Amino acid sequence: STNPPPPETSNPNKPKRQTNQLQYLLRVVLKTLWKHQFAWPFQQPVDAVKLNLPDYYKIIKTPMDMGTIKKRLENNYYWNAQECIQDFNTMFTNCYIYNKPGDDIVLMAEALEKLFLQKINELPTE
């Protein structure tokens, strides 16, 4: 009936590094997706209270959104690029699981996922 707290985005006990793949994920992948016409429902955690989705978090136990991913990248929360990629994949899969295939949100997620894959296919070598 309430929203859960949003995912953690900062942790001073985790080691921190910057890598060229993590920089690409932030400056190319995240930035490109954020600017997309269909990004707005994905820029913050799903507000199941405001959107009147009382079962959202009864079904989705691993919420993820691009606002969280951005702040995780900015806080050097991720050590491996694959951690970040997994969060993007979780965000898309949540949307496909909760919603129905003809819903506008799913059409939006599919277009963003296509763009995501196009950018991930160009991920630079480490």
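From 1 onward, residues are counted along the sequence shown. C-alpha atoms forming the largest set that superposes within 1.5 Å between two forms make up the rigid core.
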item	value
Positional deviation of Cα atoms in 8 other deposited structures of this protein after core superposition, greater for 50-58 or 26-34	50-58
Greater mean Cα temperature factor according to the PDB record, 29-37 or 65-73	29-37
Given 47-55 and 85-93, the range whose Cα B-factors average higher in the PDB entry	47-55
Relative C-alpha B-factor of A109, binned into the chain's lowest, middle or highest third	lowest
